[PDB]
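First up is the structure itself, then whatever we jot down about it.
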Amino acid sequence: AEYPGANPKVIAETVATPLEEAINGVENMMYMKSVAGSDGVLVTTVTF
Amino acid sequence: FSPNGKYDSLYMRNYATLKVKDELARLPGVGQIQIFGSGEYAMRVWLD
Ligand SMILES: CCCCCCCCCCCCO[C@@H]1O[C@H](CO)[C@@H](O[C@H]2O[C@H](CO)[C@@H](O)[C@H](O)[C@H]2O)[C@H](O)[C@H]1O
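Sequence lines, in order, name chains Z and B.
According to UniProt numbering, the first sequence is numbered sequentially starting from 49.
According to UniProt numbering, the second sequence is numbered sequentially starting from 145.
Below, the structure written as structure tokens:
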């Protein structure tokens with residue numbers, strides 16, 4: 049996901065948190081990680 | 145609920161969203177969490 053110009057803290061709070069909330073309703077997941085950088089890019093890895 | 149009227153449905157729905165919903169979706173076996181009542185917070189600009 050992309051949030052241009054937004055600080056990584058804002059990306060993590062306003063983007064990463066609701067996608068994690070939604071993704072939690074998936075089966076056979078082992079753990080989830082979110083990395084949000086100053087490039088405006090959020091990557092969320094869901095490992096099953 | 146607020147049995148003494150201290151809080152209305154709006155405050156408590158948003159409190160559930162911000163402090164209850166995510167902590168509940170982390171539980172095992174939960175597919176969906178739904179909130180019924182009132183609405184989301186929103187900046188209302190009531191023009192004259
Ligand atoms: C406490 C009531 C529990 C009823 C159990 C649900 C099973 C009933 C048959 C399936 C239909 C349920 O259908 C359900 O409708 C509600 C409205 O109430 C929708 O709810 C939607 O509108 C309500 C009203 O603004 C919002 O508060 C909510 O955030 C939004 O998702 C749900 O997204 C949907 O899941």
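Backbone N, C-alpha and C define an ideal beta-carbon position, used for all residues, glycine too.
Asked: Should B/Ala186 be labelled buried (16 or more other beta-carbon atoms within 10 Å of its own) or exposed?; Found: exposed
Asked: Using a Cβ cut-off of 7 Å, pull out every chain Z residue sitting near B/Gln176, in sequence order please.; Found: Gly73
Asked: Starting from the Cα of B/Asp166, find the closest Cα among B/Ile177, B/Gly173 and B/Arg157 and give me that residue.; Found: B/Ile177
Asked: Can you say whether Z/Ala84 is buried or exposed, counting buried as having 16 or more other CB atoms within 10 angstroms of its CB?; Found: buried
Asked: Regarding B/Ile179 and ligand 1, is the C-beta to nearest heavy atom distance less than 7 Å?; Found: yes
Asked: Does DSSP classify B/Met156 as helix, strand or coil?; Found: helix
Asked: Got a sec, what are the start and stop residues for the beta strand (DSSP E) Z/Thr93 sits in?; Found: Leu90 to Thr95
Asked: Ligand 1 and B/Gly183: does the residue's C-beta get closer than 7 Å to at least one heavy atom of that ligand?; Found: yes
Asked: Is the beta carbon of B/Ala169 closer than 8 Å to that of Z/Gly88?; Found: no
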